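What follows is a single structure, written as structure tokens, with notes after it.
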Amino acid sequence: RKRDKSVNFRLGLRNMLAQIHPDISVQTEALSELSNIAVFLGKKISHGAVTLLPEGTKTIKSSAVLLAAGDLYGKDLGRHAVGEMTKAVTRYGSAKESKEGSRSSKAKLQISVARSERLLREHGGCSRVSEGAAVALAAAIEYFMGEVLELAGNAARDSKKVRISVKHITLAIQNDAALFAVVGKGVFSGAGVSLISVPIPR
Amino acid sequence: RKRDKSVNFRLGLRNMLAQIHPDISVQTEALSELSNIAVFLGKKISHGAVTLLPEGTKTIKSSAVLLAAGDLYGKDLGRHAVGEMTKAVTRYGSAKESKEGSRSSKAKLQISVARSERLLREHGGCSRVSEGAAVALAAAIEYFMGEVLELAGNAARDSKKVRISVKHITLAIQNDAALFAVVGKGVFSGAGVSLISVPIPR
Amino acid sequence: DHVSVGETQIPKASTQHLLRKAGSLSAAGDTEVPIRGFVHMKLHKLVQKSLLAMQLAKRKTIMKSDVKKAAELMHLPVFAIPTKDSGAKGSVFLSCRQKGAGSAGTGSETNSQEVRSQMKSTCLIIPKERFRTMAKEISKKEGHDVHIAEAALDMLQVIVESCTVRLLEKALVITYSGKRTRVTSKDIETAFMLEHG
Amino acid sequence: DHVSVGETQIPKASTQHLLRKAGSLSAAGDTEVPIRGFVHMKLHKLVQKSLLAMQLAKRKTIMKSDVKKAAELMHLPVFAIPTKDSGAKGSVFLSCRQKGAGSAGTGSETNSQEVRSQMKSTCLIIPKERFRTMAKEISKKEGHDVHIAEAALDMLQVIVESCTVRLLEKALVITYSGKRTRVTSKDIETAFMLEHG
DNA sequence: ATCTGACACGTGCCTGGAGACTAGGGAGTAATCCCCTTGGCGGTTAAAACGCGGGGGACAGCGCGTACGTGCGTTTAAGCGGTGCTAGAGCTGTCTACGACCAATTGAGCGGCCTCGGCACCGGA
DNA sequence: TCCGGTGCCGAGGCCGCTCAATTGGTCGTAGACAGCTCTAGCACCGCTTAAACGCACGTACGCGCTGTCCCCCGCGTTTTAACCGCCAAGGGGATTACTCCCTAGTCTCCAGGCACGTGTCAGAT
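Chains as they are written, first to last, in UniProt numbering: chain H, 9 to 210; chain V, 9 to 210; chain W, 18 to 214; chain E, 18 to 214.
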């Protein structure tokens, strides 16, 4: 009856999904899966960049989020991600100079352009937030989701499944150390194992 | 040259210290030790009560802090502490009805009566804070400090040392499981061990 | 030691089911009491946090958001289904452990079927209402006896089961470091000792 | 494995000093390279966090507050002395390990003197300027080569030493669970595996 | 029995803290509707509860294999002072760039309902 | 053992509501840059010495082997409630509606805390 309250994910997640994998679809439960993973990543990185880094009440900066992602993401993955972050910075510069701007969100591939202001500002570490930081978050979460989702879709094709299943996400995360170390700390459906390797007597 | 900036601890810590142990004195380094332990405890419990418990933007309540301490503190220690919390509530009720009030801090044994508003309000989980909650924090931190400090002074007497040493605090914390589980997670001078027991082949 | 043991504990078969789910090849006959104890312990901590939360909320029943904020207070990143979550039945059967098709009992790991079949199960493994009985009973013994929402209850299911699986995984790591196959209870207490201590 | 090994590493005697400080009764001859590696690793993480912090600060030198916020970003509750912190010399002597007074070498633990004497030392155990050389060298290899404050440097000392002691303590727990006395390197990597993995 | 130095104590200064008063909204309470929990009946069935064979798992005594613990001598540099340079750490100033806040606009997202085909089960080759 | 026929409920598709996201606008404000002061970090020297590293001896420690016994796991059968589905009921969850209590904002008063300097005993030898 009543309209929704939480952070908008559905379309944006299935948005850009086809370009990641056109043949492959999603499970609604897996969609909520990825949704809360995304908002968790937003919470953690927002908390880092905001609550931790700027001394005093200083504005939260795009560069702040940049560094936050760089540390939070893996060495190589963080390095690649931050370059992509600056790429998104340039893209949104082109957006803002454009009159069209964010009305069609100007290639801001995920709805993250909309969820970013939320995850930062109402994280309430401070009140003082640059929009560039929001674009940085959008890019960071969007790259992370793109990589994990692509791995998941590849797993689904490996399982020959039209729509993704949560086990595919599980396998993807446990497969990549980089993503796991970021988000595998969390809990989710099923056992949630790490699948320790080399079952050999030490 | 410039006057201090951080949270006031020195007098309040040595305040009420004599009634805990009159013969025994403090080390300045141990004094800063206990200071930051106190402000950490304030941070953690404030974060719990504020950031976690009240749904929505609801005021932070004295009862909120009460429950926060109850969980954060041990089973028995928390139960005793919360009763002491209500005792402090009654004491500050007597304070507020008194015109004298907090001008002499009316038996608010530690300076915690002054640091409490800081550790809550500028923790910035919200803006909406009842003063009763502040008194609750004052009591919680004050009981915790009283217990740990008394154990430390007893250790110093066991070491026959006029002024406390940091190793005494270490031994006190590792000695009491209740206090350790609260604060032993943190780091401090020296090795900071837990001293695992029963060195016997399992 | 230090194993809280209540007066209602989910069957031992469920415990070894959890064990093999985590990949435990074999467990000592004493491995099961402690794991019951510490699953009870995690449950107890979580329910205390959540219930004090709702008590702050001037509330009379636990809902999903309650245990949600409680768990992330426990510092666990948490979320579960509000519409249709995985239940119990739903699972790979116990008697279909035999394999006529691709016979089990070969080595590398020897069983090779039970563990795979059970791990490939989305469903929650603990019977729902036995767990509900634990929830109500603990809300008796400390909780001030309030109502429970099955949605919050089941997300609690997933939180506690996955957490204890992580525990058992650490325990298996311990055992292999101990260079032996079967897991012992002592292994589990050591795991928990490392976990918090 | 996965042991980062730089081109400047604090002497091995300091490593076994840390070991016995944590209460290591005895260590395999290979135990020391990995502990050097992972102390380097913790150092590297901390310095990266702090240095990127000060780089945000449009700053050119690390001060205490810098590594303070960096460490509590690492999620460690941290604080140290701004006026007069414990240094190095300051310590119980190495040659006074003998005890003419209360002779060592008796059992329960056998040494009974070195470990107690070293644990009862407030002072930092790693030589300050070797550590300073590591700090500067790493600020070379990644850090953009900026100045260091000895106060922040020494609070970094205490953070890293205590953290690695906690590591070694977990490792000793592991060893005893493995039912054997001397600690191995493999034990240390297992400890770190449990720590993050 | 002595010495170093940490600190207890004396002098001087002002910001941290408290109280009165107010604005005002944030909060608590109360009423109502029905949604959703809680309990109960009935049924199946499947898992809990349990034992036997066995075969492998765990380890006591023991030595195999060795290299680490202990102990001593030398060389390196660690500590620590001493001097000097200046980079730079912090504080204050101006100039303004930028992101809140208000209000209006647009169509994307999503609830709810209907369509159906991907997907599970099973018989034939 | 694999491939194709059988069948369903779940996923995709569609409609419509409205409010999320956007836009421009202003304000004022946070902050970024410039400039000054002088601390301390850094470099270098140089000395002391403690430590580190290298070298020796021996035996203590890892652990696997037989060899013992010794225990859960496979298989089974026996037992009852777990699940599930439906019905009843009402507790209470959310929502709207009404009232007033609470602290922040401001100012003012005040004192106990801050630094800085001098002599003495706490603690290590």
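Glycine included, C-beta positions come from ideal geometry on N, C-alpha and C.
Asked                                                                                                                                : Found
Interfacial residues, the region 178-209 of chain W to chain E, with Cβ spacing under 8 Å                                            : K187, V190, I191, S194, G195, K196, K203, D204 and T207
Cβ neighbours of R149 (chain W) in the same chain (closer than 8 Å, five flanking residues each side left out)                       : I165, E167 and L170
The region 187-199 of chain V contacting the region 73-90 of chain V, beta-carbon criterion three pairs below 8 Å                    : yes
Meets three-Cβ-pair contact criterion under 8 Å: the region 74-83 of chain E and the region 194-202 of chain E                       : no
Sheet register partners of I79 (chain E) (DSSP bridge)                                                                               : E:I165
Closer than 8 Å to chain E by CB, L211 (chain W)                                                                                     : yes
Listed by chain order, chain W residues near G194 (chain H) by CB distance under 9 Å                                                 : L93, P94, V95 and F96
Given residue 6 (chain H) as reference, the closest of H:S197, H:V15 and H:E155 once Cα atoms are compared                           : Because chain H is modelled from 9 through 210, residue 6 (chain H) falls outside the range shown and cannot be assessed.
Distance CB(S33 (chain V))-CB(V195 (chain V)) smaller than 8 Å                                                                       : no
Whole-Å CB distance - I149 (chain V) paired with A160 (chain V), under 8 Å assumed                                                   : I149 (chain V) to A160 (chain V), Cβ: 16 Å. No contact.
Residue interval of the alpha helix (DSSP H) (run including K95 (chain V))                                                           : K83 to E105
Range covered by the alpha helix (DSSP H) that runs through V143 (chain H)                                                           : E139 to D166
For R171 (chain V): DSSP bridge partner residues                                                                                     : V:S33
C-alpha distance - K81 (chain W) paired with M172 (chain W), whole-angstrom precision                                                : 7 Å
Interface flag, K86 (chain E) vs chain H, CB-CB below 8 Å                                                                            : yes
Exposure of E24 (chain E), with buried meaning 16 or more beta-carbon neighbours within 10 Å                                         : exposed
Cβ-based burial, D84 (chain H) [other Cβ within 10 Å; buried from 16]                                                                : exposed
Endpoints, the alpha helix (DSSP H) within which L21 (chain V) is located                                                            : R18 to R22
Closer than 8 Å to chain W by CB, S70 (chain V)                                                                                      : no
Span separating the alpha-carbon of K10 (chain V) from that of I98 (chain E)                                                         : 18 Å
Bridge partners - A44 (chain E), DSSP secondary structure assignment                                                                 : E:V200
As assigned by DSSP and simplified to three states, the class of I176 (chain E)                                                      : helix
Chain-ordered chain E contacts of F48 (chain V) [CB-CB under 7 Å]                                                                    : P94
Chain-ordered chain H contacts of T139 (chain W) [CB-CB under 8 Å]                                                                   : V174, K175, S197 and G198
Whole-angstrom C-beta distance between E186 (chain W) and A45 (chain W), which should lie under 8 Å                                  : With 8 Å as the limit, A45 (chain W) and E186 (chain W) do not qualify as a contact, their Cβ atoms being about 17 Å apart.
Residue closest to residue 7 (chain V), alpha-carbon to alpha-carbon, out of V:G154, V:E130 and V:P207                               : In this structure chain V extends from 9 to 210, so residue 7 (chain V) is not present and cannot be described.
Cβ separation of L63 (chain E) and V182 (chain E), assumed to be a contact under 8 Å, to the nearest whole Å                         : With 8 Å as the limit, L63 (chain E) and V182 (chain E) do not qualify as a contact, their Cβ atoms being about 15 Å apart.
Beta-bridge pairing of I68 (chain V) - partner residues as DSSP gives them                                                           : V:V137
Euclidean distance between Cα positions of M58 (chain W) and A185 (chain V)                                                          : 17 Å
Contact list for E37 (chain V) against chain E, beta-carbon separation under 7 Å                                                     : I98
Interface partners of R210 (chain V) on chain E, CB under 7 Å                                                                        : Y193, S194 and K196
Under 8 Å by beta carbon: chain E residues contacting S40 (chain V)                                                                  : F96 and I98
Integer-rounded CB distance, given that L128 (chain H) should sit under 8 Å from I45 (chain H)                                       : The Cβ separation is near 18 Å, so there is no contact.
Below-8 Å beta-carbon distance, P62 (chain V) vs any chain W residue                                                                 : yes
Classification of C180 (chain W) by the beta-carbon crowding that lies within 10 angstroms, buried from 16 upward                    : buried
Beta-carbon contacts of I142 (chain W) that lie in its chain and below 8 Å, excluding the five residues immediately before and after : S31, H34, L35, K38, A105, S108, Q135 and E178
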